[PDB]
Amino acid sequence: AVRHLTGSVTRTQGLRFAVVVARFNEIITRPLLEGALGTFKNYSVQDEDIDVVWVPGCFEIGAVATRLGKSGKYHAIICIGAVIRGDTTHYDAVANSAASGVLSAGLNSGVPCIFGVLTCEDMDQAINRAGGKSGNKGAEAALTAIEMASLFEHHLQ
Amino acid sequence: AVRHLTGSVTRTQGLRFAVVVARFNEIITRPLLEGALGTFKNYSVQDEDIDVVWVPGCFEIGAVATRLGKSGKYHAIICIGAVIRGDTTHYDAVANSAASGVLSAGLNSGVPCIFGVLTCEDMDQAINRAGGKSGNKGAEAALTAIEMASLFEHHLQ
Amino acid sequence: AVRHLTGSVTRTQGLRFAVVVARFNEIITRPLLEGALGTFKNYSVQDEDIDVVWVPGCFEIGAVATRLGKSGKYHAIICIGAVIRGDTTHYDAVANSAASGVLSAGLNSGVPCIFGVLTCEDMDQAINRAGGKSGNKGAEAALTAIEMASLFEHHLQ
Amino acid sequence: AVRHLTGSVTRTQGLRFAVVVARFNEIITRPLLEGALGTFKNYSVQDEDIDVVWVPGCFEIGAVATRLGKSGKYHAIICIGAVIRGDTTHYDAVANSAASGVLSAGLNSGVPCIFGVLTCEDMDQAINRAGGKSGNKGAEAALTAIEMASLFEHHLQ
Amino acid sequence: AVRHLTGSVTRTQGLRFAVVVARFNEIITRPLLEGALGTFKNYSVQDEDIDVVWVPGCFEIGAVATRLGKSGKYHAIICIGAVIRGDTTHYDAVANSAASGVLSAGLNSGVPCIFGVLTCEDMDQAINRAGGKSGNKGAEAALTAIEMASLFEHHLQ
Amino acid sequence: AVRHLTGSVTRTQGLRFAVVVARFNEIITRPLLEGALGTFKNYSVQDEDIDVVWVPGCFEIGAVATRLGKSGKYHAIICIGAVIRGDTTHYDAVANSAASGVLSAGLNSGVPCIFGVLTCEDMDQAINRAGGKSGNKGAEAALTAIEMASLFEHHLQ
Amino acid sequence: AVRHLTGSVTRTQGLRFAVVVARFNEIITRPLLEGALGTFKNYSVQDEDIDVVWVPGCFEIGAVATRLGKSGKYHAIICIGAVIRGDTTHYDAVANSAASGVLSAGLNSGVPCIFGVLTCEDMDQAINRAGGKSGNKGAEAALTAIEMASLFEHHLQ
């Protein structure tokens, strides 16, 4: 008898989404964006309700989403990126800052910001998580964004 | 003669709880949710005072609890999730962001948010902490939520 | 300008599905069935349009689906099972026969039969593919069944 | 509210079964047949409703079941055999052909044919699966046959 | 038909930039600053629209950018630094604090702050990322700043 | 022709500084404080413009600087401490919290807080960074404080 | 529709408990007793309804509980002890006899006797099970005693 409130992936009417995608590691972030857009199209999300914002890198994602989340024009924000670490720690700061920025944008704006940024060690892992054996992270991020927008607009208001 | 203020697990009257559970690693998060609901039932918490909110992943937990904690409808928030790390660092960012979001929701809303998110390396460890030899983390989280709600509503006001 | 015909996951009206689930390895096949039913519910598939048929083992799945696919009462058939191989070849024949039976049922009846039968070496892998880090195979099978039914009833007729 | 259609092991009235048992590896196939007959007796299946057909080997099972399944005299077919592989591949063809024949008999006749043929590497494993620590494969095959016959005659018609 | 909003690197008219560069590891931060200034000059950014602020170390960068970002005199902030870790953890705190400060300055002021601070283990890696085989990090930071300023002033307002 | 704004170490007139020094690891923090005071004296900073605040440990530094930075009585805050890690992780939390507190005090008060807290693995390294071959960290912190105060009071206002 | 009879931890009114605690290994049995008493206090069990009986060792526990269980003054008996084995078998007989005595007292008196006697190999394990990472065994024993008393007095009579 406990109320289980879940977001709906079919009630996409009236929901607008903003997708922030980093241009760095575009060989990974472009298939992720294509998967996210395909998921949006498969769930009756119109093109005029989707805005794709390009940023040079993941570090600039958190500032953009906070900018997009505080405008009220979108019900969910998708943060798409790819941070391949490798054998060094040069990109650990970038990945941590991207995660912190996405979390802050989700928490400081009230608009759910979806963390679709890949943080993998090798590039084969990123390829497998961008449309490989592990699925497409962008498609999962788009589905998560739809569910979170439905939850926030139809069940948590 | 020093006043020791503790929360009561028997004075559950008038306390409403919200449970945020992630659908990822549902093989672990569902027994945790069942344990939490069983603990709530065993301590005379009514079904209409419990709301279960489903989120696609742990990263979206912190945004939901902050949404639930700022509404005033609940006296405690339960954050249930499971982050199995494995041999890679792909889920370290997710676990850190989930912990930070739960902490921020607890601190930025005044409603105690309980961190019942499992962060284990293997899945056997998660199974043992979801109703195995290490007990049920969801039951412990529900007891912690009851105690914290009692402390905040009857001793820290 | 090339016509790309795809099945729709939102146009679930008028579609009836039959789910064949084996009772062997029920610790794996029951979470798979629950995931499939949850996916059906999340996509506006009514309970009266879903029939769950229980079989003792995977070998008996192919005979049942062919029985269900030749009745005309369903637009898609879901075959849920779990075959954990181990260190021996005792279950290789069972897995091969289950795959062949599902393929024959899909091909000899005209109703798309979905192969949601797990064939993993260990049980940890089966657990991870039944609601773990690899997702729920039953949910994916239900989504595949919905897409195939939509494709067969709205685009391939 | 989803209809769960299962076969009944208690409604054995009016059900006739044919048991095809191979004479090769009779040290294993005879305890399997005895277990199957004991299971049939324990579930109120009359002797005149059970026909035991002996074949020289497993390869001839698939031709007999298809012969028995197309006569309409039986509601379920039990295929009992034992294929011990060993260190060579001399019996791999026999086991694969037996499995394919049982599957074809189940699919090309409409009468559920139960695969109770043991395919083990050693003979100790076969002994343990013919009334040892792993139970009796013949008893499990008889129970599966009863359940499948009940499902086909009372729920899938 | 999905709107793709990107920043322009050619519409640099009316954009003012502030460059915060740390004096520590000046052998790396000075070529980075020269590369950033060369990129600004190559993209028609006037000298009077560029302010270079020198700080003793990276830890003081985050306080300065927040000071510069809250004045409204600049449309983008460039944070240039170099943190060579080595075999010890003496500089890990400095690098983490610099990253956190740059992220906070970008998020708490609305002016995009660009993280052009190198965090490399050796000095050969820093040299290669300051005008070597890996390009100039300062030039990339300047291009990122131009793109982010254009995006914030012409597309996200 | 690009304006390069730097802080002056000679224009110390009218600048007041607060030095927060932890009493833990006093064998390191006292030479650091003496070096900082000597640097202040060598640059014509009067004694009545310098306040030394003693705290039991580094964890309490961030709360004090925020207290000192929000009073308006000082133009720069010096945070002196020593965290020797060793072979365990008992002091990692202390060092991380001290760094975060100093960064927050610098960012949440507008008064530049200088991180002069040593985070070395051994004590020989701390000794070498407290007046050894690596110089005095306290003297460098005092110079950084003077430069930052001059920058904030004469160039960033 | 199956009746699930469970003991209640909130209906502690009218329930009296006797706690038998061995003085051997008091460094472990005293925190266990304190945890049990704290659990009793947290669940509204009055002091006059709790009797603590001290015995020199675990071997004497079974004789005391049988003495206490046959008096009718208590609804549940708590047996608290600690048997650290070590590298020898000197204490194996003591542990086995204590377990047998507690079981006999529970079975030969009708009053549920709770086995809260720790049987660990090392003392670190006992410390961790007496208020460490594994929780307090005395608190769990007290909760078990409350649940068993409620079950015996309100559901199994």
Side-chain angles (χ1 to χ4, degrees), chain A residues 133-134, chain B residues 27 86 122-124 127, chain C residues 20-33 35 55-63 78-104 114-138 140-141, chain D residues 28 32 58 79 81-103 106 114-130 132-137 140-141 144:
Chain A
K133 62 178 180 59
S134 301
Chain B
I27 196 63
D122 342 333
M123 168 97 28
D124 183 72
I127 293 179
Chain C
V20 184
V21 46
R23 293 194 297 267
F24 190 76
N25 286 126
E26 58 180 356
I27 196 63
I28 301 300
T29 67
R30 289 190 181 277
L32 294 177
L33 176 60
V55 295
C58 300
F59 195 99
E60 292 76 22
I61 292 184
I78 301 91
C79 304
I80 293 181
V83 180
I84 286 83
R85 296 180 62 260
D87 54 355
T88 60
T89 63
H90 181 264
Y91 301 103
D92 292 339
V94 178
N96 293 131
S97 301
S100 181
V102 174
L103 187 61
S104 181
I114 310 305
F115 184 79
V117 178
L118 281 176
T119 56
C120 292
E121 314 151 344
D122 342 333
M123 168 97 28
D124 183 72
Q125 302 178 6
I127 293 179
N128 291 273
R129 292 188 176 274
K133 62 178 180 59
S134 301
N136 196 324
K137 218 280 188 302
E140 304 171 0
Chain D
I28 301 300
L32 294 177
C58 300
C79 304
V83 180
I84 286 83
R85 296 180 62 260
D87 54 355
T88 60
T89 63
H90 181 264
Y91 301 103
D92 292 339
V94 178
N96 293 131
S97 301
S100 181
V102 174
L103 187 61
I114 310 305
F115 184 79
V117 178
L118 281 176
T119 56
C120 292
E121 314 151 344
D122 342 333
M123 168 97 28
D124 183 72
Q125 302 178 6
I127 293 179
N128 291 273
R129 292 188 176 274
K133 62 178 180 59
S134 301
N136 196 324
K137 218 280 188 302
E140 304 171 0
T144 297

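These values consider heavy atoms only, across backbone and side chains, with no hydrogens, waters or symmetry-generated copies. Here is the naming used below: chain letters follow the sequence lines, and residue numbers restart at 1 for every chain.
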Quick check against the 3.5 Å criterion: does [X] have a side-chain atom that pairs as donor or acceptor with the backbone of [Y]?
{"X": "C:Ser104", "Y": "C:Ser100", "answer": "no"}
{"X": "D:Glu121", "Y": "C:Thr89", "answer": "yes"}
{"X": "C:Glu60", "Y": "C:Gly57", "answer": "yes"}
{"X": "C:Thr29", "Y": "C:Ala22", "answer": "yes"}

For residues [X] and [Y], determine if any side-chain heavy atom of one lies less than 4.5 Å from a side-chain heavy atom of the other.
{"X": "C:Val102", "Y": "C:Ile61", "value": "yes"}
{"X": "C:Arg85", "Y": "C:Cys120", "value": "no"}
{"X": "D:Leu32", "Y": "D:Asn136", "value": "yes"}
{"X": "C:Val20", "Y": "C:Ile78", "value": "no"}
{"X": "C:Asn25", "Y": "C:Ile84", "value": "yes"}

TODO: Indicate whether any N or O donor in one side chain lies under 3.5 Å from an N or O acceptor in the other, for C:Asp92 and C:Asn96.
DONE: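 Absent: no donor and acceptor within the cut-off.
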Open item on the list: Under a 3.5 Å threshold, yes or no: a donor from one side chain and an acceptor from the other, between C:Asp122 and C:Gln125?
Closed with: yes
Would you give the length of the straight line joining atom [atom1] of [X] to atom [atom2] of [Y], rounded to the nearest 0.5 angstrom?
{"X": "C:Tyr91", "Y": "C:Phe59", "atom1": "OH", "atom2": "CZ", "answer": "15.0 Å"}
{"X": "D:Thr119", "Y": "D:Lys137", "atom1": "OG1", "atom2": "NZ", "answer": "8.5 Å"}
{"X": "C:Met123", "Y": "C:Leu118", "atom1": "CE", "atom2": "CG", "answer": "10.5 Å"}
{"X": "C:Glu140", "Y": "C:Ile114", "atom1": "CD", "atom2": "CD1", "answer": "12.0 Å"}
{"X": "D:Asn128", "Y": "D:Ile28", "atom1": "CG", "atom2": "CD1", "answer": "9.0 Å"}

TODO: Just do the side chain to side chain contact (heavy atoms under 4.5 Å, CB included) check on C:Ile80 and C:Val117 with the steps written out, would you?
DONE: CA-CA 5 Å; C:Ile80 293 181; C:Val117 178; over 6 Å; no
- [ ] Provide the closest heavy-atom pair for C:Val94 versus C:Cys58 in the form atom of the first, atom of the second, distance.
- [x]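 For C:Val94 versus C:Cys58, the nearest heavy atoms are CG1-CB, 4.3 Å.
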- [ ] Can you see which heavy atom on C:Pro56 is nearest to which on D:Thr144, and at what distance?
- [x] CB-OG1, 3.3 Å
- [ ] Decide yes or no on side chain to side chain contact (heavy atoms under 4.5 Å, CB included) for C:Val55 and C:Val21, but give the supporting numbers first.
- [x] CA-CA 6 Å; C:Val55 295; C:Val21 46; over 6 Å; no
Open item on the list: Taking CG in C:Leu103 as the centre, count heavy atoms belonging to other residues, nucleotides or ligands within less than 6.0 Å. Is the count above 12?
Closed with: yes
